[PDB]
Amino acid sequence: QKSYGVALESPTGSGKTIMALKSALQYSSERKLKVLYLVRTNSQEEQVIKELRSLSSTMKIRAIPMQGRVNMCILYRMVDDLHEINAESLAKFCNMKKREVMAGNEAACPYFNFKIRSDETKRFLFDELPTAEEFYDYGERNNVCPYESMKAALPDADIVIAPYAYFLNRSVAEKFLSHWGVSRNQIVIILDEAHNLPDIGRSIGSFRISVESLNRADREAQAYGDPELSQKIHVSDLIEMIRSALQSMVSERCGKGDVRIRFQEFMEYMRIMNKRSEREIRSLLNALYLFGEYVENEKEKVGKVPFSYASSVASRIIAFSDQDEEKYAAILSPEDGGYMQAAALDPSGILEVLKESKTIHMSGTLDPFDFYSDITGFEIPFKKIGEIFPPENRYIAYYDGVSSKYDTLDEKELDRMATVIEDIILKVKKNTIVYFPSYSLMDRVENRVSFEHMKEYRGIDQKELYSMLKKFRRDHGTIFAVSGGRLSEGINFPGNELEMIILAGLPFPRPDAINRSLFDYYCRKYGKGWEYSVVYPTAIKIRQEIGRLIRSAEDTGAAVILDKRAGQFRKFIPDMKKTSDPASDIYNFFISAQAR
């Protein structure tokens, strides 16, 4: 009634968060509106679903998970080994399988059967409220399609939990809404961990063309006849023109990592190297897309997933050649084998469709809200609901004797940082996560310390990570973690499982091509490149990490930032003190906390 949404800041899994949710479900039910809960990770899906299970004992909870065939089709990964995939190709795949089962070939998909609609399947979904992953597993266990089972339950569900990537895919969203029986103005969308929304928008809005993707198209060309596209140019010949253009661009234009270019430079290289006009190259690119259509048709008629690398490559290159420089940066990279990318700078375009529904923007760290509102384009009321935790139970401080600042980071600054970290841990003797801006800084600091610790290392798998986490809760001590990893957001350590956090430097972003573009974009639009591309994301990282510490009225903890430049984050963390020796001051804080 007031606006098209509301932004609520308060810790996750909390009393006032559950309340806001309870208020949203009553408001929704009163106006015959269904509820859509969007989440970005399995971890956050589980937290949200746990919350809803508690509430099912008090109130009417008619809820399911919903994910797309990409995650929920059991068959296609058993039948194909594809490295790229989409909703569209799987719809064509599945429809063909379902035809074959209706015509008497039950083995075509053995997951497509009566159990899709059975009382037992409907009961597990509605009475048990599984995560998507748990329901996937239940599907395997019972030889029943998770996707089609979710789809069949959908019309009777008042509440759906789904990924951002699922709902923000327009064509998938239209079919979902259509099968749910509802328009966009007939729903309330809860945006879990909404501080991710800008990155979510930019991520969904961006696309790229890699050399490996071209290589995959090259092999596809061999396998399906490699026909003439025009006078003496076969499909493979065109892929070589595209691949060599991209390779030459990378060699000639990038040094260390990514570089910004103009979108039309790709077309320029194609034109000069192969001695053709723009029309001729565009005609060839269209011919490649048509060959893609043929590849789809061929795969489809033998029961394969009709996804074509030639099609995907063709449509992405054509899209790249026609992007407008205003909202998008053309990025050229040597990383991951070589690629060219349309990087979305402004996520408000992608997020705009969410205004057609009511949105509730939930997060522990939305402040400073002006920046969030400017970046997402959401002009909505902001409220700091939630517990005022007693300030005496928390100590937040920074120490200015060291810094992770790049151009002053030599071996002596590293020695200094390690010494301070070691002094704190050995004196305080509490359960600690040390957060590093990079694996590089972590490894170099790790090489200068003696104390035992666990480590969240680059490329660690799910089993090793849960094991280390369960070891931390049980055996206690110290974890070395990195800013972009899985301990920075999300995870809850109740009681004295987490008592201290040390930020070994500040996690300022890299001045890469995308970030240097964001700076220029926010300079032009607001005159505040520094604040919006550098200060803001850094502030949120810091607050998210500190937010791990106090999870209760009676919870006790210390956070210390080991960086000179931390004073400039006082505006966002007002209780932060300076300390000239954190070891004693944190030690003394715990003595006083223990005395009560």
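Start at 1 with the first residue shown and count on from there.
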{"query": "Comparing 475-483 with 287-295, the one whose average Cα B-factor in the PDB entry is higher", "finding": "475-483"}
{"query": "Stretch exceeding the other in mean C-alpha B-factor - 554-562, 56-64", "finding": "56-64"}
{"query": "Top Cα B factor in the deposited entry, candidates 69, 543, 40, 34", "finding": "34"}
{"query": "Residue, from 186, 308, 113, 142, that the PDB entry assigns the highest Cα B-factor", "finding": "186"}
{"query": "CA B-factor ranking of residue 423, expressed as a third of its chain", "finding": "middle"}
{"query": "CA B-factor placement of residue 537, once the chain's modelled residues are sorted into thirds", "finding": "lowest"}
{"query": "Among modelled residues of the same chain, the CA temperature factor third for residue 237", "finding": "middle"}
{"query": "Record-listed C-alpha B factor of residue 316: chain third", "finding": "lowest"}
{"query": "Residue 131 - which third its CA temperature factor falls in, relative to the rest of the chain", "finding": "lowest"}
